[PDB]
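Written out below as structure tokens is the structure these notes cover.
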Amino acid sequence: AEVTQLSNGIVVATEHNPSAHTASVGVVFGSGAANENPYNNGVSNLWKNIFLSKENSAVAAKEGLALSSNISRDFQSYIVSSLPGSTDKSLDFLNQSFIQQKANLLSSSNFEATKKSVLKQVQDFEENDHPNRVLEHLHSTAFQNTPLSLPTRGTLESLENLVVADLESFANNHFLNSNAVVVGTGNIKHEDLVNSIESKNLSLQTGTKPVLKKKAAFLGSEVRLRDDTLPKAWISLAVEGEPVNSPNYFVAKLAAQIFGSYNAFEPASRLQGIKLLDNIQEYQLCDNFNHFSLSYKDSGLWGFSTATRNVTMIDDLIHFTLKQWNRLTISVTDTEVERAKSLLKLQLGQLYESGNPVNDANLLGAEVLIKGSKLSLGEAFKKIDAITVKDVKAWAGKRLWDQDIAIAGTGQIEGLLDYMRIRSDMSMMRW
Amino acid sequence: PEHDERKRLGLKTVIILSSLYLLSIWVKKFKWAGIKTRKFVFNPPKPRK
């Protein structure tokens with residue numbers, strides 16, 4: 001596809017697809033959980049559910065409109081969807097919710113029922129969803145005392161002390177035209193969207209959001225949440241990685257694809273060309289693992305997550321996995337690098353060429369907000385095809401060899417050994 | 001008869017072992033720093049288990 005950006009006072013981006021049967025229109029702001037403090041942690045999660053509340057959604061469903069929203073660390077989104085010949089109504093609804101009249105939504109009755117609904121989501125998340133809350137605690141110890149540590153949903157202790165005035169203060173400082181991108185995906189022409197905006201003289205708020213004092217800093221650390229009543233052990237482990245607008249962005253993504261993802265109960269996942277699986281399958285040390293490479297405006301993370309029921313062989317799983325990471329600096333084969341090139345292109349093709357216009361609106365707005373434009377998928381494939389074996393060794397010797405780590409765990413983790421027995425496995429030194 | 005060269009080999013032995021004894025203290029404190037500064041906190045579980 002082909003993107004098209006403009007600036008008439010308002011930044012308008014679009015990605016037309018004539019094959020789609022729908023159209024999405026929305027606005028993406030360049031502020032998220034990393035632009036908050038510990039006192040108001042969760043105020044962006046309440047704006048999501050106020051936008052999706054029942055009396056607001058009822059007004060939309062009478063004209064054939066569906067609503068969505070998403071809160072992350074670096075951005076926030078508010079999308080409206082419609083049939084292709086009804087995109088003029090999508091913009092009017094968005095006009096009387098952000099540019100005008102966001103006081104009818106913050107009434108007393110609408111704010112108390114919404115608050116009670118959010119306190120029950122975050123409570124069930126902390127007691128039932130173990131893989132995702134251990135990955136949240138990883139961000140909280142790795143980036144402690146910096147903005148990138150705060151959870152995106154909020155906490156139960158900070159949510160209870162939020163009143164209406166906290167919602168209005170956060171909007172005056174962040175929902176600004178200088179911090180906003182208007183997006184359009186699916187079956188919508190680029191020129192029909194901009195002329196519709198020019199015929200209304202819209203302006204959210206002018207600009208100059210706050211300054212954000214501290215930068216993100218990685219600290220080697222651990223946090224353990226032991227619970228012997230649960231039936232598994234959930235563990236995550238990472239080093240410091242690459243931010244966006246880094247030269248090593250795609251080299252870190254390719255090195256995670258070398259070790260990849262595993263499911264013990266799927267037969268075809270046991271046959272992948274991954275050397276680590278010859279050690280794990282002898283005694284069945286885990287149920288699943290997945291390797292990630294996450295990237296933000298200021299820093300990143302590189303590592304893996306696992307879940308297991310073999311609570312007596314945890315130390316052999318962590319040991320064998322970290323000995324394969326060492327091979328990226330010493331001994332990594334040309335065959336392993338060509339496999340990972342092909343599967344990474346398939347992974348990026350499914351993410352960017354899905355059918356949903358709502359997913360494409362979130363990717364487009366976040367990219368334009370953070371580098372001014374969007375890289376094509378044909379240009380990204382050429383960068384991936386130009387990575388050599390020497391490039392992986394240079395990246396790993398800087399980022400992996402003899403470097404500090406962050407750890408988080410929950411469940412039956414008595415068999416997870418101390419920090420320094422694990423820190424020592426990051427360098428071979430039988431060498 | 002060994003009095004003179006006994007007290008020469010004793011100067012070397014004591015200087016080498018006194019340096020190894022001070023280096024051992026530094027290495028141990030470095031490797032034990034994670035345990036000494038470790039923190040703990042308790043939150044009573046809710047009575048339903």
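Lettering follows sequence order; numbering is per chain, from 1. The analysis underlying the following values was restricted to heavy atoms, covering all of them including side chains, and did not include hydrogens, waters or symmetry mates.
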Legend entry - Close side-chain approach of A/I407 to A/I405, heavy-atom, < 4.5 Å: yes

Legend entry - Worked verdict on A/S81 versus A/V358 for side chain to side chain contact (heavy atoms under 4.5 Å, CB included): CA-CA 8 Å; A/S81 306; A/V358 170; 3.7 Å; yes

Legend entry - Ring-ring centroid check A/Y78 A/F98, cutoff 6.0 Å: yes

Inset, instruction - Kindly indicate, with the supporting measurements, whether the criterion side chain to side chain contact (heavy atoms under 4.5 Å, CB included) is fulfilled by A/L344 and A/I384. - result: CA-CA 8 Å; A/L344 181 63; A/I384 292 156; 4.1 Å; yes

Legend entry - Donor-acceptor pair between A/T312 and A/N310 side chains, under 3.5 angstrom: yes

Legend entry - Donor-acceptor contact present, side-chain A/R73 to main-chain A/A33, <3.5 Å: no

Inset, instruction - Before giving the answer on side chain to side chain contact (heavy atoms under 4.5 Å, CB included), spell out for A/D425 and A/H319 the whole-Å C-alpha distance, their side-chain angles and the decisive distance to 0.1 Å. - result: CA-CA 7 Å; A/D425 273 320; A/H319 174 68; 3.3 Å; yes

Legend entry - A/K215 atom NZ: more than 12 heavy-atom contacts under 6.0 Å: no

Legend entry - Heavy atoms of other groups near A/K209 NZ, more than 12 under 6.0 Å: yes

Legend entry - N/O donor-acceptor pair under 3.5 Å between B/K29 side chain and B/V27 backbone: no

Inset, instruction - Check whether any side-chain N or O of A/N128 sits under 3.5 Å from a backbone N or O of A/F125 as a donor-acceptor pair, and report yes or no. - result: no

Under 3.5 Å, which donor-acceptor pairs link side chains of residues 147-154 of chain A to any protein atom two or more places apart or in another chain?
{"from": "A/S149", "atom 1": "OG", "to": "A/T146", "atom 2": "O", "distance (Å)": "2.8"}

Legend entry - Separation of A/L416 CG from A/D315 CG (nearest 0.5 Å): 9.0 Å

Inset, instruction - Measure the shortest side-chain to side-chain distance between A/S373 and A/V368 over non-hydrogen atoms and say whether it is less than 4.5 angstrom. - result: no

Legend entry - Smallest separation among heavy atoms of A/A216 and A/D298, with atom names: CB-CB, 3.9 Å

Inset, instruction - Report yes if the side chains of A/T22 and A/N187 come closer than 4.5 Å at any heavy-atom pair, otherwise no. - result: no

Inset, instruction - Evaluate the side chain to side chain contact (heavy atoms under 4.5 Å, CB included) criterion for residues A/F381 and A/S376: first the C-alpha distance (whole Å), next the side-chain angles of each, then the deciding distance (0.1 Å), finally the verdict. - result: CA-CA 9 Å; A/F381 277 26; A/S376 178; over 6 Å; no

Legend entry - Check: A/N248 side chain, A/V251 main-chain N or O, donor-acceptor pair, under 3.5 Å: no

Inset, instruction - State the CG-CD distance between A/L348 and A/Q257, to the nearest 0.5 angstrom. - result: 9.0 Å

Inset, instruction - Please say whether more than 12 non-hydrogen atoms of neighbouring residues, nucleotides or ligands are located less than 6.0 Å from CZ in A/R421. - result: no

Inset, instruction - Determine yes or no for a side-chain-to-main-chain donor-acceptor pair under 3.5 angstrom, with B/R38 supplying the side chain and B/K36 the backbone. - result: no

Legend entry - Side-chain donor-acceptor contact under 3.5 Å, A/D129 with A/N132: yes

Legend entry - Nearest-0.5 Å distance that lies between atom OG1 in A/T141 and atom CG in A/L219: 7.0 Å

Legend entry - Point-to-point distance, once rounded to the nearest 0.5 Å, from CG of A/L193 to CG of A/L91: 6.0 Å

Inset, instruction - Measure from the side-chain N and O atoms of A/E15 to the backbone N and O of A/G184, and report whether any donor-acceptor pair falls under 3.5 Å. - result: no

Inset, instruction - Give, for atom NZ of A/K253 and atom NE2 of A/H291, the distance between the pair rounded to the nearest 0.5 Å. - result: 14.5 Å

Legend entry - Taking every non-hydrogen atom, the tightest pair across A/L176 and A/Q205: CD2-CB, 3.4 Å

Inset, instruction - May I ask you to check whether A/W395 and A/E242 show a side-chain donor-acceptor distance below 3.5 Å? - result: yes

Inset, instruction - Taking the side chain as every heavy atom from C-beta outward, state whether A/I314 and A/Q412 have any pair of such atoms under 4.5 Å apart. - result: no

Inset, instruction - Flag the pair A/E36 / A/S44 as yes when at least one side-chain heavy-atom distance between them is below 4.5 Å, and no otherwise. - result: yes

Inset, instruction - Mind listing the closest non-hydrogen atom pair of A/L162 and A/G42 along with its distance? - result: CD1-C, 4.2 Å

Inset, instruction - Indicate, with yes or no, if the rings of A/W47 and A/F51 have centres closer together than 6.0 Å. - result: no

Inset, instruction - Would you check if there is a donor-acceptor pair between the side chains of A/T87 and A/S90 at a distance under 3.5 Å? - result: no

Legend entry - Atom pair OG/CZ of A/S221 and A/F218 - distance to nearest 0.5 Å: 7.0 Å

Legend entry - Heavy-atom side-chain contact between A/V239 and A/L400 under 4.5 Å: yes

Legend entry - Test item: A/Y352 side-chain N/O and A/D360 main-chain N/O as donor-acceptor pair under 3.5 Å: no

Inset, instruction - Would you check if A/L364 and A/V3 make a side-chain contact, meaning some heavy-atom pair closer than 4.5 Å? - result: yes

Legend entry - Donor-acceptor under 3.5 Å (A/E126 side chain, A/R133 main chain): no

Legend entry - Flag if over 12 foreign heavy atoms under 6.0 Å of CD, A/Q281: yes

Inset, instruction - State, to 0.1 Å, how close A/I413 and A/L225 come at their nearest heavy-atom pair, and which atoms those are. - result: CD1-N, 4.3 Å

Inset, instruction - Taking only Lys NZ, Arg NE, NH1 and NH2, and the carboxylate oxygens of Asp or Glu, determine whether A/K371 and A/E367 approach each other closer than 4.0 Å. - result: yes

Legend entry - Aromatic ring proximity, centroids under 6.0 angstrom, A/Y262 and A/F289: yes

Legend entry - Test item: A/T306 and A/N288 side chains (from C-beta on) under 4.5 Å apart, heavy atoms: no

Inset, instruction - May I ask you to decide if A/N362's main-chain N or O and A/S77's side chain share a donor-acceptor pair within less than 3.5 Å? - result: no

Legend entry - Donor-acceptor pair, side chain of A/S269 and main chain of A/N263, under 3.5 angstrom: yes

Legend entry - CZ/A/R270: more than 12 non-hydrogen atoms of other groups inside 6.0 Å: yes

Legend entry - is_close_aromatic(A/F29, A/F75), centroid dist under 6.0 Å: no

Inset, instruction - Please find out if less than 6.0 Å separates the ring center of A/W302 from that of A/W325. - result: yes

Inset, instruction - State, to 0.1 Å, how close A/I387 and A/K341 come at their nearest heavy-atom pair, and which atoms those are. - result: O-NZ, 2.9 Å

Inset, instruction - Over all heavy atoms of both residues, which pair between A/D391 and A/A386 is shortest? Give the atoms and the distance, please. - result: OD2-O, 4.0 Å

Legend entry - salt_bridge(A/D402, A/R423) N-O dist < 4.0 Å: yes

Legend entry - Check ion pair A/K383-A/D385 (N to O, under 4.0 angstrom): no

